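Content type mmCIF, C-alpha atoms and all ligand atoms, from the file model34.cif:
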```cif
data_upload
#
loop_
_atom_site.label_atom_id
_atom_site.label_comp_id
_atom_site.auth_asym_id
_atom_site.auth_seq_id
_atom_site.Cartn_x
_atom_site.Cartn_y
_atom_site.Cartn_z
CA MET N 1 0.00 0.00 0.00
CA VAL N 2 1.15 3.75 -0.21
CA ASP N 3 0.98 3.42 3.57
CA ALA N 4 4.29 1.54 3.70
CA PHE N 5 6.04 4.81 2.65
CA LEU N 6 4.72 6.69 5.67
CA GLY N 7 7.06 7.65 8.48
CA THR N 8 10.46 9.15 9.16
CA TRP N 9 13.44 8.24 7.01
CA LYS N 10 17.14 9.17 7.22
CA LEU N 11 19.68 9.20 4.38
CA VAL N 12 22.24 6.42 4.58
CA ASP N 13 23.71 6.24 1.03
CA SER N 14 23.96 8.48 -2.06
CA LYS N 15 25.23 7.83 -5.58
CA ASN N 16 25.75 10.55 -8.21
CA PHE N 17 23.88 13.36 -6.42
CA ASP N 18 26.57 15.83 -7.54
CA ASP N 19 25.96 14.86 -11.19
CA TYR N 20 22.19 15.30 -10.71
CA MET N 21 22.67 18.72 -9.07
CA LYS N 22 25.11 19.86 -11.81
CA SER N 23 22.50 18.83 -14.41
CA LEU N 24 20.03 21.29 -12.77
CA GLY N 25 22.65 24.11 -12.73
CA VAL N 26 23.23 24.11 -8.96
CA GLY N 27 26.38 26.10 -8.11
CA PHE N 28 29.51 24.39 -6.75
CA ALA N 29 29.22 25.86 -3.23
CA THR N 30 25.67 24.63 -2.83
CA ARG N 31 26.63 21.23 -4.25
CA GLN N 32 29.40 20.99 -1.67
CA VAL N 33 27.04 21.64 1.27
CA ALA N 34 24.13 19.66 -0.13
CA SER N 35 26.63 16.73 -0.77
CA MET N 36 27.55 16.43 2.98
CA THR N 37 23.95 16.73 4.29
CA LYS N 38 22.02 13.60 5.53
CA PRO N 39 18.42 14.81 5.34
CA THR N 40 15.42 13.40 7.14
CA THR N 41 12.33 12.74 4.95
CA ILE N 42 8.90 12.58 6.61
CA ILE N 43 5.92 11.23 4.71
CA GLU N 44 2.43 11.73 6.18
CA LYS N 45 -1.11 11.33 4.90
CA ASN N 46 -4.51 12.75 5.77
CA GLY N 47 -7.11 11.02 3.63
CA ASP N 48 -5.87 11.28 0.08
CA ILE N 49 -3.55 14.28 0.84
CA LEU N 50 0.09 13.28 1.26
CA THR N 51 2.70 15.62 2.79
CA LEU N 52 6.40 15.12 2.15
CA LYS N 53 8.84 17.06 4.30
CA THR N 54 12.58 17.03 4.02
CA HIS N 55 14.65 18.53 6.83
CA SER N 56 18.36 19.15 6.99
CA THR N 57 20.99 21.59 8.32
CA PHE N 58 21.02 23.22 4.89
CA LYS N 59 17.36 23.50 3.87
CA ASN N 60 13.81 22.49 4.81
CA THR N 61 11.13 21.67 2.20
CA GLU N 62 7.50 20.63 2.41
CA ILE N 63 4.92 19.82 -0.23
CA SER N 64 1.38 18.59 0.06
CA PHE N 65 -0.52 17.10 -2.82
CA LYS N 66 -3.28 14.73 -3.86
CA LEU N 67 -2.07 11.71 -5.79
CA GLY N 68 -2.76 12.15 -9.46
CA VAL N 69 -3.64 15.87 -9.28
CA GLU N 70 -1.16 18.43 -10.65
CA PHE N 71 0.20 21.16 -8.41
CA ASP N 72 2.53 24.10 -8.75
CA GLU N 73 5.81 23.61 -6.87
CA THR N 74 8.84 25.77 -6.01
CA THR N 75 11.63 23.20 -5.69
CA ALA N 76 14.42 23.10 -3.05
CA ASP N 77 16.76 24.56 -5.73
CA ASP N 78 14.27 27.37 -6.53
CA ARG N 79 12.79 26.12 -9.82
CA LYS N 80 9.11 26.94 -10.45
CA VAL N 81 7.61 23.77 -11.90
CA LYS N 82 4.36 22.00 -12.67
CA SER N 83 4.28 18.69 -10.73
CA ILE N 84 2.28 15.53 -10.26
CA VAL N 85 2.82 12.59 -7.92
CA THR N 86 1.33 9.24 -8.77
CA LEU N 87 1.63 5.63 -7.80
CA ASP N 88 3.04 3.50 -10.54
CA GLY N 89 4.12 -0.12 -10.08
CA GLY N 90 4.07 0.44 -6.33
CA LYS N 91 6.51 3.38 -6.65
CA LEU N 92 5.75 7.01 -5.80
CA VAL N 93 6.60 8.86 -8.94
CA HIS N 94 7.00 12.67 -8.69
CA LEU N 95 7.33 14.38 -12.08
CA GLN N 96 8.40 18.04 -12.32
CA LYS N 97 8.02 19.93 -15.60
CA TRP N 98 9.37 23.37 -16.46
CA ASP N 99 10.57 25.02 -19.67
CA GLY N 100 9.97 21.73 -21.60
CA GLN N 101 12.48 20.01 -19.22
CA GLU N 102 11.48 17.19 -16.86
CA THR N 103 12.85 15.49 -13.82
CA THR N 104 11.51 12.53 -11.91
CA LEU N 105 11.89 11.72 -8.22
CA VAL N 106 10.90 8.06 -7.84
CA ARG N 107 10.58 6.38 -4.43
CA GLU N 108 10.32 2.62 -3.94
CA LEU N 109 10.61 0.26 -0.99
CA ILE N 110 13.14 -2.61 -1.18
CA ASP N 111 13.95 -4.79 1.84
CA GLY N 112 12.50 -2.14 4.17
CA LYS N 113 14.65 0.70 2.70
CA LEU N 114 13.31 3.61 0.70
CA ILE N 115 15.22 4.11 -2.54
CA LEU N 116 14.92 7.53 -4.19
CA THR N 117 15.97 7.68 -7.86
CA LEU N 118 16.42 11.20 -9.27
CA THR N 119 16.62 11.47 -13.08
CA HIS N 120 17.25 14.61 -15.12
CA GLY N 121 18.19 13.88 -18.73
CA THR N 122 21.18 11.53 -18.53
CA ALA N 123 21.91 12.20 -14.84
CA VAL N 124 20.68 9.43 -12.51
CA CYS N 125 21.17 9.66 -8.74
CA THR N 126 20.22 6.94 -6.28
CA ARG N 127 19.71 7.76 -2.61
CA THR N 128 18.91 5.24 0.06
CA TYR N 129 16.99 6.10 3.22
CA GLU N 130 16.42 3.92 6.27
CA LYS N 131 13.49 4.03 8.62
CA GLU N 132 13.68 6.01 11.92
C1 LIG J 201 14.66 17.99 -7.82
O1 LIG J 201 15.40 17.18 -6.80
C2 LIG J 201 16.10 17.63 -5.66
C3 LIG J 201 16.38 18.99 -5.37
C4 LIG J 201 17.03 19.40 -4.20
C5 LIG J 201 17.45 18.43 -3.30
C6 LIG J 201 17.17 17.09 -3.57
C7 LIG J 201 16.54 16.70 -4.72
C8 LIG J 201 17.63 16.33 -2.45
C9 LIG J 201 17.53 14.84 -2.42
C10 LIG J 201 16.86 14.14 -1.24
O2 LIG J 201 15.67 14.45 -0.93
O3 LIG J 201 17.53 13.23 -0.68
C11 LIG J 201 18.17 17.18 -1.53
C12 LIG J 201 18.81 16.83 -0.23
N1 LIG J 201 18.09 18.51 -2.03
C13 LIG J 201 18.49 19.66 -1.32
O4 LIG J 201 18.44 19.73 -0.09
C14 LIG J 201 18.85 20.86 -2.13
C15 LIG J 201 18.31 22.09 -1.81
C16 LIG J 201 18.65 23.21 -2.54
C17 LIG J 201 19.53 23.09 -3.58
CL1 LIG J 201 19.96 24.50 -4.48
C18 LIG J 201 20.10 21.87 -3.90
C19 LIG J 201 19.78 20.76 -3.16
#
```

Give the structure from this file in C-alpha cells form.
Amino acid sequence: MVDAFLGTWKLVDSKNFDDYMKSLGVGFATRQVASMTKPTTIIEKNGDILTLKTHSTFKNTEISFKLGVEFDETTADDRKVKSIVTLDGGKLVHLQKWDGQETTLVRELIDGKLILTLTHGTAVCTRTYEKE
C-alpha cells in the first residue's frame, strides 16, 4: 500500500547526487554543502492528501498534494515547476516539468529501505533512506 512509505526516514547512502545537481545548474558551493547533508524525509497522509517534508541543516522543504492531481511547486533549488505525484508499479513517482524540461523523483521500498531515484536527462542519482 502507499501506507508503507509513511514515516520518518534518514539518508544512509547516495550515488551521483553531484551529477544530478550539476544537471540542474546548482552552483559548486551549494553542491558541496548539499553533498555532505544527511536529510530526514517525513511522509504523512490525511485522507488522500500526502505531505512530504525534508529537513536538513542546509534547507527544509515541504509539499502537500493529492495523488494524481497536478500542483505548482517551487523546488528546493528554486525552480518553479508543474508537478504531479502518482503511484506507478508500487513506486511514488513525482514528475516536475518546467521550460519543456522534466525530472523525476521516484521512491520505492526494497527490503525495508526507501530508494529515491532522481533522473534529469542523462543524470541518474540513487539515494537510500532507512526508517527512523
Ligand atoms: C529535484 O530534486 C532535488 C532537489 C534538491 C534536493 C534534492 C533533490 C535532495 C535529495 C533528497 O531528498 O535526498 C536534496 C537533499 N536537495 C536539497 O536539499 C537541495 C536544496 C537546494 C539546492 Cl539549491 C540543492 C539541493

Residue neighbourhood residue 66 in chain N, 6 Å, all atoms listed in the file, exclusion window fewer than 3 positions, as a compact mmCIF listing (two decimals) with C-alpha atoms, keeping the file's coordinate frame:
```
# COMPACT_ATOMS: atom_id res chain seq x y z
CA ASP N 48 -5.87 11.28 0.08
CA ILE N 49 -3.55 14.28 0.84
CA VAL N 69 -3.64 15.87 -9.28
```

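Ranking N:98, N:88, N:1, N:58 by their shortest atom-to-atom distance to residue 29 in chain N, with all atoms listed in the file included, puts N:58 first.
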
Atom pair CA of residue 32 in chain N / CA of residue 103 in chain N: separation (Å):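 Straight-line distance from CA of residue 32 in chain N to CA of residue 103 in chain N works out to 21.3 Å.
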
Per residue of chain N within 6 Å of ligand LIG 201 (chain J), note the shortest atom pair and the distance in Å to one decimal, counting all atoms listed in the file, and order the rows by chain and increasing residue number, as JSON lines.
```
{"residue": "N:26", "atom": "CA", "partner": "J:LIG201", "partner_atom": "CL1", "distance": 5.6}
{"residue": "N:30", "atom": "CA", "partner": "J:LIG201", "partner_atom": "CL1", "distance": 5.9}
{"residue": "N:34", "atom": "CA", "partner": "J:LIG201", "partner_atom": "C19", "distance": 5.4}
{"residue": "N:39", "atom": "CA", "partner": "J:LIG201", "partner_atom": "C12", "distance": 5.9}
{"residue": "N:59", "atom": "CA", "partner": "J:LIG201", "partner_atom": "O4", "distance": 5.6}
{"residue": "N:76", "atom": "CA", "partner": "J:LIG201", "partner_atom": "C15", "distance": 4.2}
{"residue": "N:77", "atom": "CA", "partner": "J:LIG201", "partner_atom": "CL1", "distance": 3.4}
```

Write a file of the just-selected residues containing C-alpha atoms, as a PDB file, in the frame of the given file.
```pdb
ATOM      1  CA  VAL N  26      23.230  24.110  -8.960  1.00  0.00           C
ATOM      2  CA  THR N  30      25.670  24.630  -2.830  1.00  0.00           C
ATOM      3  CA  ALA N  34      24.130  19.660  -0.130  1.00  0.00           C
ATOM      4  CA  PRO N  39      18.420  14.810   5.340  1.00  0.00           C
ATOM      5  CA  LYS N  59      17.360  23.500   3.870  1.00  0.00           C
ATOM      6  CA  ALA N  76      14.420  23.100  -3.050  1.00  0.00           C
ATOM      7  CA  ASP N  77      16.760  24.560  -5.730  1.00  0.00           C
TER       8      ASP N  77
END
```

With all atoms listed in the file as the counted atoms, please give the residues lying no more than 12 Å from residue 121 in chain N, apart from itself and same-chain residues fewer than 5 positions off, as a PyMOL selection string. chain N and resi 19-24+100-104

Coordinates of box centre and edge lengths for range 29-38 of chain N, 3 Å on every side, axis-aligned, as JSON:
```
{"center_x": 25.7, "center_y": 19.7, "center_z": 0.6, "size_x": 13.4, "size_y": 18.3, "size_z": 15.8}
```

Since the input lacks atoms, please generate N, CA and C atoms for range 7-18 of chain N and provide them as a PDB file, in the frame of the given file.
```
ATOM      1  N   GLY N   7       6.170   7.621   7.333  1.00  0.00           N
ATOM      2  CA  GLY N   7       7.060   7.650   8.480  1.00  0.00           C
ATOM      3  C   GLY N   7       8.249   8.530   8.256  1.00  0.00           C
ATOM      4  N   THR N   8       9.262   8.309   9.067  1.00  0.00           N
ATOM      5  CA  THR N   8      10.460   9.150   9.160  1.00  0.00           C
ATOM      6  C   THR N   8      11.651   8.343   8.666  1.00  0.00           C
ATOM      7  N   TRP N   9      12.355   8.890   7.722  1.00  0.00           N
ATOM      8  CA  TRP N   9      13.440   8.240   7.010  1.00  0.00           C
ATOM      9  C   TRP N   9      14.698   9.093   7.044  1.00  0.00           C
ATOM     10  N   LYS N  10      15.865   8.461   7.134  1.00  0.00           N
ATOM     11  CA  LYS N  10      17.140   9.170   7.220  1.00  0.00           C
ATOM     12  C   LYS N  10      18.046   8.685   6.099  1.00  0.00           C
ATOM     13  N   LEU N  11      18.764   9.591   5.473  1.00  0.00           N
ATOM     14  CA  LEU N  11      19.680   9.200   4.380  1.00  0.00           C
ATOM     15  C   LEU N  11      20.846   8.388   4.923  1.00  0.00           C
ATOM     16  N   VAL N  12      21.102   7.272   4.233  1.00  0.00           N
ATOM     17  CA  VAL N  12      22.240   6.420   4.580  1.00  0.00           C
ATOM     18  C   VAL N  12      23.216   6.267   3.431  1.00  0.00           C
ATOM     19  N   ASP N  13      22.831   6.491   2.193  1.00  0.00           N
ATOM     20  CA  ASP N  13      23.710   6.240   1.030  1.00  0.00           C
ATOM     21  C   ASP N  13      23.305   7.176  -0.084  1.00  0.00           C
ATOM     22  N   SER N  14      24.280   7.656  -0.879  1.00  0.00           N
ATOM     23  CA  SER N  14      23.960   8.480  -2.060  1.00  0.00           C
ATOM     24  C   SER N  14      24.921   8.152  -3.172  1.00  0.00           C
ATOM     25  N   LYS N  15      24.428   8.051  -4.363  1.00  0.00           N
ATOM     26  CA  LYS N  15      25.230   7.830  -5.580  1.00  0.00           C
ATOM     27  C   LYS N  15      24.865   8.883  -6.630  1.00  0.00           C
ATOM     28  N   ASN N  16      25.862   9.591  -7.109  1.00  0.00           N
ATOM     29  CA  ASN N  16      25.750  10.550  -8.210  1.00  0.00           C
ATOM     30  C   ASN N  16      24.848  11.739  -7.931  1.00  0.00           C
ATOM     31  N   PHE N  17      24.680  12.141  -6.693  1.00  0.00           N
ATOM     32  CA  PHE N  17      23.880  13.360  -6.420  1.00  0.00           C
ATOM     33  C   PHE N  17      24.562  14.587  -6.992  1.00  0.00           C
ATOM     34  N   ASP N  18      25.897  14.653  -6.994  1.00  0.00           N
ATOM     35  CA  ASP N  18      26.570  15.830  -7.540  1.00  0.00           C
ATOM     36  C   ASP N  18      26.255  15.941  -9.045  1.00  0.00           C
TER      37      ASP N  18
END
```
